[PDB]
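Heads up, the thing below is written out as structure tokens.
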Amino acid sequence: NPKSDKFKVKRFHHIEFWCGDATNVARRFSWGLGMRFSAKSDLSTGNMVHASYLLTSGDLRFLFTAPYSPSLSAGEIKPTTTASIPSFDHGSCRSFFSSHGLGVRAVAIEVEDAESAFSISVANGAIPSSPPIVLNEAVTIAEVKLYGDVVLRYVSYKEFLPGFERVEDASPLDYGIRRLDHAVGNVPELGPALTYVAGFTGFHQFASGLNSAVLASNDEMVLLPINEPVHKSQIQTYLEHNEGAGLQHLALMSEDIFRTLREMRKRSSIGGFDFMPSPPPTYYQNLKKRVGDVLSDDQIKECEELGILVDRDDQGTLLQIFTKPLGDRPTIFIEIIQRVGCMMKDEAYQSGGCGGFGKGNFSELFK
Amino acid sequence: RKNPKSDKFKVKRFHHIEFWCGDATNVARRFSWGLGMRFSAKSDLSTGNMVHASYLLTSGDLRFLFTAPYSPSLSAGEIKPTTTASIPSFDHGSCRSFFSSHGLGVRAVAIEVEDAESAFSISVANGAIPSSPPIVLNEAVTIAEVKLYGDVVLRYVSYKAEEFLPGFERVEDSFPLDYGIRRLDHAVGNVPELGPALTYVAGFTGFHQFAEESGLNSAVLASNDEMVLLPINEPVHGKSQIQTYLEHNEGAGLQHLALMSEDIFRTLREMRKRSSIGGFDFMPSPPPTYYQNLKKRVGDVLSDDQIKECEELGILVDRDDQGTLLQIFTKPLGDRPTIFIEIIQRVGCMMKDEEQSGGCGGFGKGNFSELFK
Ligand SMILES: Cc1cccc(C)c1-n1c(=O)c2cc(C(=O)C3=C(O)CCCC3=O)ccc2n(C)c1=O
Ligand SMILES: Cc1cccc(C)c1-n1c(=O)c2cc(C(=O)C3=C(O)CCCC3=O)ccc2n(C)c1=O
Ligand SMILES: [Co+2]
Ligand SMILES: [Co+2]
């Protein structure tokens, strides 16, 4: 609302996971979500440090990284490293997977200048992780701590980061997931988290057992909701298994929630992702009156064929469903979302947060 | 014909293979789809286990077990008897260090024996390094793990009856995926010196050197029935393909796993259909000059349609006396060029076989001269 970003922010760029084996994790996400193998940076391409692989589906970019043996790149230094990412560390990445397990490490958002966004953020209370380093004079990258061991990454451009080999040969799955809608993190105290994060970003606040506040960018396209537990708290269950604060889930905007689900739900037993139980028929019997004008009777019955939730806000309506936890622990999962309405462009598409984020379903599921 | 049948204890057959992953969920989902096994048992938080996330995949009699450690803080007050783990030999630090050094690799090789209690006492009494004393689980199954090569251990499983470990809740319906794989053929490991490796393994178990290499020194071991095959390889400098393993895996470790199949032409099309969508990449197929002379040496075994299908799938073919061998190798399963998986189907060398000769047709040694080293 106030448009008070301390620097220019374009939109969501990529989301990087820190696995123990980036091959088996990425091969499952490519088959469970339908993403194309775009770029890669492992021992095949000549990277002795980590095995980074890129999955893309529209604008969404999932990066998976697992460190190799430190003895391979033992005779190297920071200015003379082999890793395509200069902010990487073996011991720090091993501690991320030994403590937090499979989780999102870096939430990257493209800015017009990474060195500027870093210098502005640190000068306003941020905690720097890695200073801005220009990658082959083509991409500037900086990282500042978000919550816990999650970092906020700034990327500058003058398809991906240098040092990545494009994979366009026979060695393209697409189910509708186009971009990242929002990224929700869980913190022990929502107070200092909003004071810290929004302190150096200038992000305004967009507007049981949890208290959530959504941070938004200038155009409200970068949405970073933050959650705190309410003391059994389902959010506290996250912090106990994650061993500290971290990301709860990722909202993946789909161009068509109906077919995107029918491409994933038919594959949850062959290596895909599992979903939460479907709401009782009374929810869809009650759904025909709350959003009977947005969704037709033929489209509402299709929501029950896949167990999809619907919420409504101020001139906005969104459809949503949640996957089961991705890793072993009940920590990080994935939300698939499609918003209806709020379309208003001068010359196409809509704004951000069309329909809220589904807080109306917290009571509609309890009937 | 050349085996003394000098088993130190009654060895029945293969059981399972335990993978110590960092996240056993994603690895098991890839193997379930890439290889085509079937999710048949679980032991995690959904069943009451707070120590490790174990997930079982079963394709015929082959059983792949994927076990990842949970947070050490979840089991802060559990002593040794009061552990909620279905596998008591599991340990947090032993698994956090196995994946930190060896990465994604095989932790244990399970072999079904008559009495793991006796198999443990006979083994340790012959120079074996014990990794886990026998533990009677649920008064039904007894397991014992003895150190093999490196950090991989030899696991014994015994039953008081003539499905899996107790505590593993079944999966009622997991998709019944089955691409053709039936059982485990042989398991190979890499060591710096082959000498002290054969004297050790054959010393505490009584296995015999099997008898029915550019870049390695092979020596297969087999039991009395010869259904349990465990080859070992050592590098020959002047870079050897094993020195690459010993440098990436950081020491010894299980090389690959050969998986039997009732039809290698059936399993390969399913895995190659998926090699680009979450499956397993394979090694580059031999040139067309490999399948022309193939019609002359093994043309009296396969048909013109089957040999052309071998070229379509790029299947390596080698033949010895009394049985031919069809094999093909996948690219490394993990991030590092360490562990991969072999698909094999032997023909001929048969008997009654109610409900095939053990390891007949060789192991692909002729393909070290034919295709390349
Ligand atoms: C999936 C699950 C598992 C165990 C316990 C519970 C409460 C849930 N759970 C959700 O987490 C959930 C989350 C959102 C959601 O999008 C969300 C918020 O509502 C707050 C703002 C930030 C944000 O992203 C909406 C609906 C939800 N519903 C309906 C639901 O049941
Ligand atoms: C696939 C590849 C990539 C890069 C380097 C190389 C040597 C290879 N490679 C093999 O690894 C390979 C392995 C076996 C095999 O299964 C095996 C042996 O290694 C000996 C001991 C017992 C045993 O079963 C057979 C044939 C092979 N051939 C022909 C081959 O080329
Ligand atoms: Co959400
Ligand atoms: Co083999």
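Numbers in chain B come straight from Swiss-Prot, and the residues shown are 34-195, 201-211, 214-252, 262-287, 291-407, 412-429, in order.
Positions of Cβ are set from backbone N, Cα and C atoms, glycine also.
According to DSSP, B:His308 (Fe cation binding site) sits within a strand segment. What Swiss-Prot records for B:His226, B:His308, B:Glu394 is Fe cation binding site.
Residues annotated as domain 'VOC 1' in Swiss-Prot, with sequence analysis given as evidence: B:46-192. When DSSP labels each residue, the domain 'VOC 1' (B:46-192) comes out as 30 helix, 59 strand, 58 coil, counted as helix, strand and coil in that order.
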The one of B:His226, B:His308 whose CB sees the fewest other CB atoms within 10 Å, among these binding-site residues: B:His308
Other C-beta atoms that fall within 10 angstroms of the C-beta of B:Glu394 (Fe cation binding site): 20
Environment of B:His226, B:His308, B:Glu394, the listed Fe cation site - residues of the same chain whose CB lies within 8 A of the CB centroid: B:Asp225, B:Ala227, B:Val228, B:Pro280, B:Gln307, B:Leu309, B:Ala310, B:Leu311, B:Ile393, B:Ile396
Deposited-model gap closure distance - 9 residues unmodelled, Cα of B:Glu252 to Cα of B:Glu262, Å: 17
Deposited-model gap closure distance - 2 residues unmodelled, Cα of B:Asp211 to Cα of B:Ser214, Å: 7
